[PDB]
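Chemist: Structure provided below as structure tokens; questions to follow.
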Amino acid sequence: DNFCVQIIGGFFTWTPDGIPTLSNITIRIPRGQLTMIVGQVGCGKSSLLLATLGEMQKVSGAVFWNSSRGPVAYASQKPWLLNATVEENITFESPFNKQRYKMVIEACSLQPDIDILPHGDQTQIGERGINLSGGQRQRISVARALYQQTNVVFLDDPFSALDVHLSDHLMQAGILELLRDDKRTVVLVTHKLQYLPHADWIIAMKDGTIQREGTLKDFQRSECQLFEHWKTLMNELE
Amino acid sequence: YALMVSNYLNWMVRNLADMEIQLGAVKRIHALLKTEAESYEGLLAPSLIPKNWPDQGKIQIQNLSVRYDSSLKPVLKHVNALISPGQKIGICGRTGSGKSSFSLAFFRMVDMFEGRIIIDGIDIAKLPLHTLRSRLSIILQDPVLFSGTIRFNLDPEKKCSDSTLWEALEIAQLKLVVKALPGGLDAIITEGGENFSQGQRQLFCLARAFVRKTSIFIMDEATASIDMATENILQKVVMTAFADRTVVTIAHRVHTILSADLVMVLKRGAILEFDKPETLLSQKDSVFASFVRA
Amino acid sequence: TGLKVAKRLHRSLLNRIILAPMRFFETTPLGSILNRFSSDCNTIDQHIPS
Amino acid sequence: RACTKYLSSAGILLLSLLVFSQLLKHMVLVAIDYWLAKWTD
Ligand SMILES: Nc1ncnc2c1ncn2[C@@H]1O[C@H](COP(=O)(O)OP(=O)(O)OP(=O)(O)O)[C@@H](O)[C@H]1O
Ligand SMILES: Nc1ncnc2c1ncn2[C@@H]1O[C@H](COP(=O)(O)OP(=O)(O)O)[C@@H](O)[C@H]1O
Ligand SMILES: [Mg+2]
Ligand SMILES: [Mg+2]
């Protein structure tokens, strides 16, 4: 219907016969909107992202896709780079479409990086190629995720290796402009709470379960402690 | 013997071609064998080095300019600073401003073609590399974990007791996580730490540095993969636990170094501002104020 | 002869690699360094003495 | 050089002993076959 992904009572385990790393997972991700998963270290965010994708073994519950999942544009927390060039990593088995490629390059601000390296936009990347900075690896992975014409985008901490300006420009030109104009489902795991005003939907996680799931106006009344805790972290969250 | 010519001429030619391929393998190993090595000898005498040559943690940096190779652009240009012992130095700047090469300069991982880094009256270029890199601790932004136990990752040489390892884990907010594991300190970390999260891997590397208990800590964007709530309590417990130790903290988030003693603002490899944050935020046109406000 | 060369070449390679600078490790791919321990050392230990 | 690393790692004594022992063994086998040819006549 109006949702992209939905989980009802999902118990998922990394181990085959161990303790469930996720318990009582109940999410309703809207389609064409920005959903932000927020929480502490090791609280189930990447586990939720891979439990929707089927990469983690399910013990209980149901997973519904109303997109039969289909493709999902995924940028892992550890950036994965093929042994091909910059252009082949960003395109990633897709037609070229240079007008979109320039927009993705400017949204990730990778244009100064391809004005360096011995063969800009053609240098071999990863193993058997030139070594990149970790921020450059992160932005090439995010550029691959943003470039594709996939209805669902999964981003898992894209601002970990970047400074304030790169993360702000990638948030505005890439997430709020390039992804919104396509009416694209965006699920964005982040530790940067300053982007919470730009979120349509918020999923809060705590020790491998869904603590609270709703908008910022919902968190203003349902979870007063977590709302005020967020306000203390980033110094009325409208 | 003619029948042996008919049987063995082919075998001789085949073994000659095989031996050429085997000698190609030996040739590749010898080509990797002639690679240059770092100078671990050091010009200063080992008797001139004290038992704790970072006795208090004073750092002088005099006209330092570093690069990564010959005929390459210097990533730091005329860096000159003083760090009193026990002072906390927060380093901020945009990505690409040479502030990780600044951290690598103390371990001689970059080509210091000019300038000196004098620590407690001793130039570090005169020292052996194991002597220099054994008495200083660094926390890289990207975590590196090895296969084995938690005890092996924190203490591979087995030079510290279990109480030191538990203090290192408790400072790095991993007391409850490691205690929840059934092995405890013997819980197995997989290859690359794939059984833990990115934040938990980075906290394991932080606890790995907390075992060493040196006089100079260099935290090069350590808390980048960590959420803000646990980053604040980790920063507070690091400040309280290392109150007498010189900490050079490279800030992924600028608001973490608002309580630092001095703030080094790097612009394109040059120290634009090096002063207290209280005076630095008083100036409206200062770049550090633009970092805090935006 | 095979045992002596197989011991000495691996000892020399392992000692010379760990002293090489990090510029060498960043410039050279890790597959090129690792295949000397994996394939070339396997030839020297086993295939060459036969 | 790089192709001669195996000979230098083996040493002069071990390599020369290998070559001399193989040559002596094969010339002994030639002598056995020649003495068998003389014996059968
Ligand atoms: N591949 C894995 N195999 C086994 N256990 C895992 C794996 N990944 C995570 N875990 C465990 O499951 C829990 C959830 O980790 P998860 O991957 O969801 O972290 P995260 O919330 O994305 O972390 P962070 O925000 O610190 O990067 C943790 O306790 C972790 O140890
Ligand atoms: N391993 C390396 N080899 C050569 N140059 C490097 C290396 N690492 C970084 N650089 C250079 O240093 C500059 C960035 O400095 P760095 O300390 O990485 O800044 P930051 O700390 O802001 O990431 C880049 O312009 C890059 O060219
Ligand atoms: Mg994750
Ligand atoms: Mg850096």
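By order of appearance in the structure tokens: chains A, B, ..., then residues from 1 within every chain, and ligands from 1 in the order shown.
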Name the residues in contact with residue C:36 at a cut-off of 9 Å, using only C-alpha atoms, excluding same-chain residues fewer than 5 positions from it; report them as an MDAnalysis selection string.
Modeler: (chainID B and resid 25:26 28:29 32) or (chainID C and resid 13 31 41:42)
Chemist: Just the strand (DSSP E) stuff from stretch 33-143 of chain A, please, per backbone DSSP, written as a count of residues only.
Modeler: 18
Chemist: Write out as a ChimeraX atom specification every residue belonging to chain D that has an atom at most 8 Å from any atom of chain C, counting only C-alpha atoms.
Modeler: /D:6,9-10,14-15
Chemist: For those residues, write N, CA and C atoms to a file as a PDB file, in the first residue's frame.
Modeler:
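Result file follows (result25.pdb):
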```pdb
ATOM      1  N   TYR D   6      68.408 -19.041  -5.933  1.00  0.00           N
ATOM      2  CA  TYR D   6      68.355 -20.427  -5.477  1.00  0.00           C
ATOM      3  C   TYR D   6      69.753 -21.009  -5.291  1.00  0.00           C
ATOM      4  N   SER D   9      71.277 -19.329  -2.168  1.00  0.00           N
ATOM      5  CA  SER D   9      70.647 -19.840  -0.956  1.00  0.00           C
ATOM      6  C   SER D   9      71.046 -21.284  -0.682  1.00  0.00           C
ATOM      7  N   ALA D  10      71.312 -22.063  -1.734  1.00  0.00           N
ATOM      8  CA  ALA D  10      71.744 -23.444  -1.546  1.00  0.00           C
ATOM      9  C   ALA D  10      73.169 -23.519  -1.011  1.00  0.00           C
ATOM     10  N   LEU D  14      76.667 -27.549  -1.078  1.00  0.00           N
ATOM     11  CA  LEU D  14      75.507 -28.409  -1.305  1.00  0.00           C
ATOM     12  C   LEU D  14      75.204 -28.567  -2.793  1.00  0.00           C
ATOM     13  N   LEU D  15      75.284 -27.466  -3.552  1.00  0.00           N
ATOM     14  CA  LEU D  15      75.028 -27.505  -4.992  1.00  0.00           C
ATOM     15  C   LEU D  15      76.090 -28.319  -5.727  1.00  0.00           C
TER      16      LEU D  15
END
```
Chemist: Using only C-alpha atoms, tabulate the residues of chain B lying at most 7 Å from any atom of chain D, each with its closest atom pair and that distance in Å to one decimal, by chain and increasing residue number, as CSV.
Modeler:
```
residue,atom,partner,partner_atom,distance
B:23,CA,D:3,CA,6.0
B:26,CA,D:3,CA,6.6
B:27,CA,D:2,CA,4.6
B:30,CA,D:2,CA,5.2
B:31,CA,D:2,CA,6.5
```
Chemist: With a cut-off of 10 Å and counting only C-alpha atoms, select all residues of chain C in contact with chain B and give the selection as a compact mmCIF listing (two decimals) with N, CA and C atoms, in the first residue's frame.
Modeler:
```
# COMPACT_ATOMS: atom_id res chain seq x y z
N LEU C 9 64.56 -18.85 2.21
CA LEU C 9 63.88 -17.84 1.40
C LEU C 9 62.64 -17.29 2.09
N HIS C 10 61.88 -18.15 2.78
CA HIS C 10 60.72 -17.67 3.52
C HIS C 10 61.14 -16.82 4.71
N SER C 12 63.91 -14.95 4.96
CA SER C 12 64.38 -13.68 4.43
C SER C 12 63.22 -12.81 3.93
N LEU C 13 62.25 -13.42 3.24
CA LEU C 13 61.10 -12.67 2.73
C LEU C 13 60.24 -12.11 3.86
N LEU C 14 59.98 -12.93 4.89
CA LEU C 14 59.16 -12.48 6.02
C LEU C 14 59.87 -11.40 6.83
N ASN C 15 61.19 -11.48 6.96
CA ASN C 15 61.90 -10.43 7.68
C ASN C 15 62.04 -9.15 6.87
N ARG C 16 62.18 -9.25 5.55
CA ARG C 16 62.33 -8.05 4.74
C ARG C 16 61.00 -7.33 4.49
N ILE C 17 59.88 -8.06 4.53
CA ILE C 17 58.59 -7.41 4.29
C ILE C 17 58.20 -6.51 5.46
N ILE C 18 58.40 -6.97 6.69
CA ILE C 18 57.93 -6.23 7.86
C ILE C 18 58.75 -4.97 8.13
N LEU C 19 59.93 -4.83 7.52
CA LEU C 19 60.72 -3.61 7.65
C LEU C 19 60.49 -2.62 6.52
N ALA C 20 59.76 -3.00 5.48
CA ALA C 20 59.50 -2.11 4.36
C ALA C 20 58.52 -1.01 4.77
N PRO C 21 58.67 0.21 4.26
CA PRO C 21 57.81 1.32 4.70
C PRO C 21 56.37 1.16 4.24
N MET C 22 55.49 1.93 4.89
CA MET C 22 54.06 1.89 4.57
C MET C 22 53.75 2.49 3.20
N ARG C 23 54.65 3.31 2.65
CA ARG C 23 54.52 3.76 1.27
C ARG C 23 54.57 2.58 0.30
N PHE C 24 55.45 1.61 0.58
CA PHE C 24 55.52 0.39 -0.21
C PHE C 24 54.24 -0.43 -0.10
N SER C 32 49.91 -9.00 -4.74
CA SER C 32 51.25 -9.21 -5.28
C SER C 32 52.23 -9.63 -4.18
N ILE C 33 52.10 -9.04 -2.99
CA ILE C 33 52.95 -9.44 -1.87
C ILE C 33 52.53 -10.82 -1.35
N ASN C 35 50.94 -13.36 -2.83
CA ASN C 35 51.12 -14.50 -3.73
C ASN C 35 52.53 -15.06 -3.69
N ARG C 36 53.51 -14.28 -3.23
CA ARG C 36 54.85 -14.82 -3.01
C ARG C 36 54.85 -15.81 -1.85
N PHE C 37 54.10 -15.51 -0.79
CA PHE C 37 53.96 -16.45 0.32
C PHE C 37 53.04 -17.61 -0.05
N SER C 39 51.79 -18.82 -3.50
CA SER C 39 52.06 -19.66 -4.66
C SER C 39 53.54 -19.89 -4.89
N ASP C 40 54.36 -18.83 -4.85
CA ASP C 40 55.79 -18.97 -5.12
C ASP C 40 56.49 -19.77 -4.03
N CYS C 41 56.13 -19.53 -2.76
CA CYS C 41 56.68 -20.32 -1.67
C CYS C 41 56.23 -21.77 -1.74
N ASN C 42 55.00 -22.02 -2.22
CA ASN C 42 54.53 -23.39 -2.40
C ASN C 42 55.32 -24.11 -3.49
N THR C 43 55.69 -23.39 -4.55
CA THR C 43 56.55 -23.98 -5.58
C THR C 43 57.94 -24.29 -5.03
N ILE C 44 58.52 -23.35 -4.27
CA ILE C 44 59.88 -23.52 -3.76
C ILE C 44 59.94 -24.65 -2.73
N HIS C 47 57.43 -27.99 -5.36
CA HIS C 47 57.59 -28.31 -6.78
C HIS C 47 59.05 -28.28 -7.23
N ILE C 48 59.85 -27.30 -6.74
CA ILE C 48 61.26 -27.21 -7.16
C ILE C 48 62.13 -28.40 -6.74
```
Chemist: Quote the spacing between atom CA of residue B:44 and atom CA of residue B:124 in Å to one decimal place.
Modeler: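 That distance, rounded to one decimal, is 9.3 Å.
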Chemist: Would you name the residues within 8 Å of ligand 4, counting only C-alpha atoms and all ligand atoms, and put them as a ChimeraX atom specification?
Modeler: /A:133 /B:95-96,98-101,141,220-221
Chemist: Taking the backbone alone, and naming residues the way the document does, which bits of stretch 76-121 of chain B are helix (DSSP H, G or I) by DSSP, as a PyMOL selection string?
Modeler: chain B and resi 99-105
Chemist: Generate a file of the selected residues that holds N, CA, C and O atoms, formatted as a PDB file, in the first residue's frame.
Modeler:
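File written: selection00.pdb
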```pdb
ATOM      1  N   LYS B  99      45.758  16.731   8.660  1.00  0.00           N
ATOM      2  CA  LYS B  99      45.700  16.563  10.105  1.00  0.00           C
ATOM      3  C   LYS B  99      45.855  15.110  10.551  1.00  0.00           C
ATOM      4  O   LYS B  99      46.086  14.867  11.741  1.00  0.00           O
ATOM      5  N   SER B 100      45.746  14.142   9.636  1.00  0.00           N
ATOM      6  CA  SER B 100      46.139  12.767   9.930  1.00  0.00           C
ATOM      7  C   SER B 100      47.623  12.536   9.686  1.00  0.00           C
ATOM      8  O   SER B 100      48.251  11.743  10.402  1.00  0.00           O
ATOM      9  N   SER B 101      48.199  13.232   8.702  1.00  0.00           N
ATOM     10  CA  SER B 101      49.647  13.221   8.520  1.00  0.00           C
ATOM     11  C   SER B 101      50.356  13.891   9.688  1.00  0.00           C
ATOM     12  O   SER B 101      51.497  13.535  10.003  1.00  0.00           O
ATOM     13  N   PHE B 102      49.688  14.848  10.341  1.00  0.00           N
ATOM     14  CA  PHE B 102      50.189  15.416  11.590  1.00  0.00           C
ATOM     15  C   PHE B 102      50.314  14.347  12.669  1.00  0.00           C
ATOM     16  O   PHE B 102      51.311  14.307  13.400  1.00  0.00           O
ATOM     17  N   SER B 103      49.303  13.481  12.790  1.00  0.00           N
ATOM     18  CA  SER B 103      49.354  12.386  13.755  1.00  0.00           C
ATOM     19  C   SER B 103      50.423  11.365  13.381  1.00  0.00           C
ATOM     20  O   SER B 103      51.105  10.820  14.257  1.00  0.00           O
ATOM     21  N   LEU B 104      50.577  11.094  12.083  1.00  0.00           N
ATOM     22  CA  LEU B 104      51.599  10.155  11.630  1.00  0.00           C
ATOM     23  C   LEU B 104      53.012  10.722  11.729  1.00  0.00           C
ATOM     24  O   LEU B 104      53.976   9.950  11.674  1.00  0.00           O
ATOM     25  N   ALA B 105      53.155  12.046  11.854  1.00  0.00           N
ATOM     26  CA  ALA B 105      54.478  12.657  11.964  1.00  0.00           C
ATOM     27  C   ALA B 105      55.180  12.298  13.268  1.00  0.00           C
ATOM     28  O   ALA B 105      56.415  12.243  13.307  1.00  0.00           O
TER      29      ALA B 105
END
```
Chemist: Rounded to one decimal place, report the atom CA of residue B:193-atom CA of residue B:234 distance in Å.
Modeler: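 Interatomic distance here is 20.8 Å.
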Chemist: Could you list the residues in chain A lying within 9 Å of chain C, using only C-alpha atoms, and format the result as a PyMOL selection string?
Modeler: chain A and resi 126-131
